[PDB]
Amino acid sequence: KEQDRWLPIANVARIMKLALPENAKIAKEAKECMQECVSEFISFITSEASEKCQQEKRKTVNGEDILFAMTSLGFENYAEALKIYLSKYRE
């Protein structure tokens, strides 16, 4: 479970690598920090979506709940960009 509370570090560190110049290096420190930030990002947004689902007496968190939670929590750019992505997944 201790490895399960984060996304795999190699996957996170690869995305960081592609974000930086070819000559750039990343401290193990920074990879672990990013790993912790990403996991909080998921849990923070999920918690907001989860509480609204419990209030409306719905057992299932869906894509639309994640987008609504993103807007509520001040990730408006994320929600708006992913809105088209969800509708194309559903068709």
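All residue numbers refer to positions in the sequence shown, first residue = 1.
Asker: May I ask you to compare 32-40 and 51-59 by their mean CA B factor in the entry and name the higher one?
Answerer: Per the deposited B-factors, the answer is 51-59.
Asker: Which third of the chain does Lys83 land in by C-alpha B-factor: lowest, middle or highest?
Answerer: Highest third, going by the recorded CA B-factors of the chain.
Asker: Classify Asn77 as lowest, middle or highest third according to the C-alpha B-factor given in the PDB entry, relative to its own chain.
Answerer: For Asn77, whose C-alpha B-factor we compare with every modelled residue in the chain, the answer is the middle third.
Asker: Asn11: which third of its chain by C-alpha temperature factor?
Answerer: Answer is lowest: the recorded C-alpha B-factor places it there.
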